[PDB]
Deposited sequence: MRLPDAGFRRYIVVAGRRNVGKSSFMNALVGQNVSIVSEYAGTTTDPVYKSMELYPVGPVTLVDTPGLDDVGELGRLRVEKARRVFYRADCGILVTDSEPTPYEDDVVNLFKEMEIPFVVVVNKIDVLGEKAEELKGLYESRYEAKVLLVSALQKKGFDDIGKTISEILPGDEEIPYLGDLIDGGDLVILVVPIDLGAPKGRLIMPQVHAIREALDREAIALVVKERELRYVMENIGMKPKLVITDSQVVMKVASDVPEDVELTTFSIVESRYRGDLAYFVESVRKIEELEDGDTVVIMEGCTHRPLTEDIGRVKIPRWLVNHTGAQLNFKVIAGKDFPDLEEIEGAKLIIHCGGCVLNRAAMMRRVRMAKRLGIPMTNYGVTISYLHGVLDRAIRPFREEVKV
């Protein structure tokens, strides 16, 4: 479902608005579809000097898709705070009886001066679901390869090992790399490592990009004559279709691990994460780390991962990017570093070269 939060100092006047245009209340809203609305009874208790309990707030705010600030009076430090926390966590938001006629019109323009969308209380809702859809994050879909990485007439090389796809088939990352290169009017050349140096010596084109499997990148590292020819791999490309920038930043936090630090493995027969990874993390750091294995369909509760020093998400678990971003965003909001199998495994050997797309 979609998560929307309803904050505000007001108690009775807040609960009234919620129930408008029909605790968490799950109800269908057009054109956004199903959504669940949760208010802030824990946050109702206004802090010292009329402030909002920020650390108690960021405990309930972290998992919101978007936000709502329902207000009766003029902006107090409470309304100022809630807004800053939405802005910090990058949670998109909107600001919302007929008392003080024309002042309500003023208030709409008063709350509009702090650079955000203000809608008026009706006791009008056609515009509630309408604005929610417009502030909500969009498609957020990036091209398989880099936007300017491949142009027309460019040779791209795909270097496979021993395909895991059945007889007369190739794995989806490969074919998608052939298609995107073709869509961008470039040339796709697929060849096994064994015959790589031969294609590098017989063709005339210098490869713009070269892609291969994490298994044989080192062999390819030697087959490509220099740092001049940009090499990366099918796992970093797929990892790219998520949040590479955050992940790459988060792997570099492996060094920052001390004894007793908790590293969470998020997956969902003696798998890489349950066993093989921990082993490498301990071997690479020397640290007496402990690991929480979260095998669930959706992202865990705050109580299940609060205090974790790193989150290792599974690579090819195949969710919607937007459903994976929701996960990245939450981790980014809780300040917990998050990466995935692909980036970690690559980090251990040669990740820096795999990073061909600069920030």
Handout entry: Missing C-alpha runs, given along the deposited sequence, first residue counted as 1
Key = 1-8, 31-47, 122-124, 152-156, 302-307, 399-404
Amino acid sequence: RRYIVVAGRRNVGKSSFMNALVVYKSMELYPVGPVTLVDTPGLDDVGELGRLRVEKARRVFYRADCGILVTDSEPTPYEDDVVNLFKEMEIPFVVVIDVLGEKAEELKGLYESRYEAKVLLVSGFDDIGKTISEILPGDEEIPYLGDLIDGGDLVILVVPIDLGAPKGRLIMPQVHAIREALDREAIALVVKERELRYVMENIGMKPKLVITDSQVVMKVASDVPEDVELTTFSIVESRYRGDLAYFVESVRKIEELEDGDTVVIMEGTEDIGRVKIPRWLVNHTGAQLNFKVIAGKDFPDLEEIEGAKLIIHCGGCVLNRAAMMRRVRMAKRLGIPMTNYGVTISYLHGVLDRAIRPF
From here on, numbers count along this sequence of modelled residues.
Handout entry: Between the two ranges 167-175 and 221-229, the one averaging a larger CA B factor in the entry
Key = 221-229
Handout entry: Comparing 328-336 with 26-34, the one whose average Cα B-factor in the PDB entry is higher
Key = 26-34
Handout entry: Residue selected from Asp213, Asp139, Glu90, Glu193 by maximal Cα B factor
Key = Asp139
Completion exercise
Comparing C-alpha B-factors across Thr262, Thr269, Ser238, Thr285 in this entry, the winner is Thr269
Problem - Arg274, C-alpha B-factor rank within chain (lowest, middle or highest third) - result: middle
Practice task
Taking the values exactly as deposited, rank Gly101 by C-alpha B-factor within its chain and report the matching third: lowest, middle or highest.
Solution key: highest
Practice task
Would you please rank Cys66 by its C-alpha temperature factor against the other modelled residues of its chain and give the third it falls in: lowest, middle or highest?
Solution key: middle
Exercise for the section: Tell me, lowest, middle or highest third: where does the Cα B factor of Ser123 rank within its chain? Expected result: highest
Problem - Among modelled residues of the same chain, the CA temperature factor third for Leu107 - result: highest
